[PDB]
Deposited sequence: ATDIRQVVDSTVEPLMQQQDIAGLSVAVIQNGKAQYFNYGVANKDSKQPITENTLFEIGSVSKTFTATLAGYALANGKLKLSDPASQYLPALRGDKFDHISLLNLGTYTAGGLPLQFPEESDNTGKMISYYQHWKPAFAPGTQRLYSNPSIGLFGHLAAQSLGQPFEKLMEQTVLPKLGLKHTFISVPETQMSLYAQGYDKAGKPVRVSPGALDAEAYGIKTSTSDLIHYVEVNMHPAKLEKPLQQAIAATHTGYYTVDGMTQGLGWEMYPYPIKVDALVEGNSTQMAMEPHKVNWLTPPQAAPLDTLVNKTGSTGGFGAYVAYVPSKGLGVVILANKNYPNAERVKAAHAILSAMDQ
């Protein structure tokens, strides 16, 4: 049944892309299944399992967004608030008329894909917007980076503390980390670059917010499951998850939430791949706001891509169907291949 379709999509994928290790998790009706291939380390030949820890890159962005949503559920913040409101050092002009919403949906006005502490603050102070806030989407790590920081500020605690001592335990995730603890170190997969060379993500400002989470398929498919079915979560988390799956604007058939991107389901794999493409990340796109932001409706696909130097993560699920797939690899292989494989598995389910 499922095990054979997953095997016949991932094995050829892994051979084609020369991936050392791949774990896949699917969920249906609250029930998870794990399909594990290859090795976490090419030297040790440590096998991949659903407890293997991977870097998930920009999928971290959904965790950041849930953190911000938890701050809003607890009255610490409004999405319309100006960013300067939460950081004195940014007061003076610019960030007085850029909203938190703007920062979180990448519409702050031209913040770049990546950074060229307070020296990152200084980056922001010297930054010259290319466009009016709210007019164009430009995928940017510093934008969601500051979104998370500010959301942490509002709650009077540092990002890392909030995430690990508050937000993740309350999601039931005990194998999701910003910093991989010493006892779990051996579970941390080795990442390999385009050439097969080992590499782990390198620290950076507000990395924790943008691309700094690592987790296993077991914890990430659970994350996916409570994002689909939040009714057992405490109320502020429920409200938070509603906030992240709210659509605030459209950009080419894709409707933007907080961290999560959303599409009609079903969708052609071709429509799904072009929505996750290289230029839909690197090119600026004008945005049709939703004058009344739209609560999550049925027949929607939720997905997220995320990459590091040596890792390739992808998440896709359709909440109204209760269907979710997670694929974690210790290779940054192309996005198109990730959605193709996810799409196949979801269909078969």
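What the model leaves out of the deposited chain are the segments 1-2, 119-123, 357-358.
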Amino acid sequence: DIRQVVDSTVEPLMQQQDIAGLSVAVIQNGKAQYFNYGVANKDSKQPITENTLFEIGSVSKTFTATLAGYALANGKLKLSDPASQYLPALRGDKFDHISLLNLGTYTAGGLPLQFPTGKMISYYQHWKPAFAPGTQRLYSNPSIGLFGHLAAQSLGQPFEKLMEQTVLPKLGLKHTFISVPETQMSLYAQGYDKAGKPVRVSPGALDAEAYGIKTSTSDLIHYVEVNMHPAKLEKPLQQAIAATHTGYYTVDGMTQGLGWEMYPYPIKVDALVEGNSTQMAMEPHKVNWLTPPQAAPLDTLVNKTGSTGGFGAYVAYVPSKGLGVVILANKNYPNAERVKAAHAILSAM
From here on, numbers count along this sequence of modelled residues.
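Taking the PDB entry as given, 245-253 carries the higher mean Cα B factor of the two stretches 100-108 and 245-253. Comparing 166-174 with 181-189, the stretch with the higher mean C-alpha B-factor in the PDB entry is 181-189. Of the candidates 322, 306, 292, 47, it is 292 whose Cα B-factor is highest according to the PDB record. Looking only at 82, 204, 148, 129, the residue with the top Cα B factor in the deposited structure is 204. Split the chain's modelled residues into thirds by C-alpha temperature factor. Residue 344 is in the lowest one. The deposited CA B-factor of residue 86 belongs to the middle third of values across its chain. Ranked by Cα temperature factor within the chain, residue 337 sits in the lowest third according to the deposited record. Sorting the modelled residues of the chain by their CA temperature factor places residue 209 in the middle third. In this PDB entry, residue 217 carries a Cα temperature factor that places it within the lowest third of its chain's modelled residues.
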